[PDB]
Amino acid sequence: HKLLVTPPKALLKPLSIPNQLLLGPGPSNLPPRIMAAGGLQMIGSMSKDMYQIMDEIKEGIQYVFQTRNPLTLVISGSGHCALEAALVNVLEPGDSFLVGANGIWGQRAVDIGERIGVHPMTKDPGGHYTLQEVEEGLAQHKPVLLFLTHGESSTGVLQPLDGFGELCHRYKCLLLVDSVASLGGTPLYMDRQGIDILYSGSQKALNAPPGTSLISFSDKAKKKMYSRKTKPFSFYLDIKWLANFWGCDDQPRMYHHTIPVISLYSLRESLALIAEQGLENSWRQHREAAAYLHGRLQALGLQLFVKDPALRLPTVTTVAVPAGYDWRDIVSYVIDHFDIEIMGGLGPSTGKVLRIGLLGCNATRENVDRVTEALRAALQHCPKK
């Protein structure tokens, strides 16, 4: 007759969160202004004010992406969810998709592609793709879309994109780019680089809480989407509905799903923040911090996974795991003795490296100092064969 479950004891306690300095590939710490944004009251998801904040975020995405694409908006999901929305609306079953698979991300792009109806232009962690090699790929399969990771956060590789725009439009192919870890930390120009679909996450250099993602479509990728004959497998990610709600259409905004309002307040303020600083300074800040961090690490004796500075993702550095060390001890030592988070590999780079992230408000010399003296400490106290 009764209620099977009783109120959980743990919930009857107060929520208590540790203070951790997030210096890994994401999420990153939140500036005071973003936290304040997080604690505001709620407004109607379809109110005139919500739309206004929505338009500002759009102008915000056009600026950080550097595009004028009308089809620009926020995906109410994390990084993956933006990738998936990209693929599920552009790729129609059996389409030939060439994938720059040199990190867990390309790996993820294949999986999604397979699942929805693919050519694994494979590499090894640490490698990138030459303008040369992609023609070779565009050659055989003449795919309708190519996938490239700008900032490969699982390997630390910064991937060059100048020209590819054309090398793809050449073969009547759409260019899809992942700038989840690169946005705000290295130069990127969607239009001038002829990228067709660009997506990014909110919790990396932008310092917004995780859960939302940014996306933009060129008139080219747009036309393919509005004239496919199949309806994309997903309703939650349907750009036709999505675009209309975000005001990208000629029609009145129609109810699709309830946007994550509080997260939008936060994303808006994080876009305001980089708009006040300016992309060029943010680019200079990250480059400088990444340079400082590289110096210190080599001084500690560790060597950089990515041999060649031009190919090093400023926002995420991949150090090679030291000699007779179990990386796990190092990571544990740092979070245990200094309250600092840093990671190990991910996918192909698993156990081969340590990843140190420098993002937005955390990409400072001060934190490079802290993670250096943390790492050094680990190095002298952690077991060693």
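The first residue of the sequence shown is number 1, and the count goes up from there.
**Student:** Unmodelled residues of the deposited sequence between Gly247 and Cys248: none, 1 to 3, 4 to 9, or 10 or more?
**Tutor:** Unmodelled stretch: none, continuous chain.
**Student:** Regarding 302-310 and 280-288, which shows the higher C-alpha temperature factor on average in the entry?
**Tutor:** The stretch with the larger average C-alpha B-factor is 302-310.
**Student:** Per the PDB record, is the mean Cα temperature factor higher over 253-261 or over 155-163?
**Tutor:** The recorded data point to 155-163.
**Student:** Per the coordinate record, which of the options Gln203, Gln132, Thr149, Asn89 holds the highest CA temperature factor?
**Tutor:** Within the set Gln203, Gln132, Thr149, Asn89, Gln132 shows the top C-alpha B-factor.
**Student:** Taking the values straight from the PDB record, which of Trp241, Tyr171, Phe217, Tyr189 has the highest C-alpha temperature factor?
**Tutor:** That would be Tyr171.
**Student:** Lowest, middle or highest third: where is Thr230 by Cα B-factor in its chain?
**Tutor:** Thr230: CA B-factor falls in the highest third of its chain.
**Student:** With respect to C-alpha B-factor, does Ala377 fall in the lowest, middle or highest third of the chain as deposited?
**Tutor:** CA B-factor rank for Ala377: highest third.
**Student:** Per the entry's values, where does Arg328 land by CA temperature factor relative to the rest of its chain, in the lowest, middle or highest third?
**Tutor:** For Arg328, the deposited C-alpha B-factor lands in the highest third.
**Student:** Please say which third, lowest, middle or highest, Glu269 falls into when its CA temperature factor is compared across its chain.
**Tutor:** For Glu269, the deposited C-alpha B-factor lands in the lowest third.
**Student:** Compared with the other modelled residues in the chain, in which third is the CA B-factor of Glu341?
**Tutor:** Ranked within chain, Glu341 CA B lands in the middle tercile.
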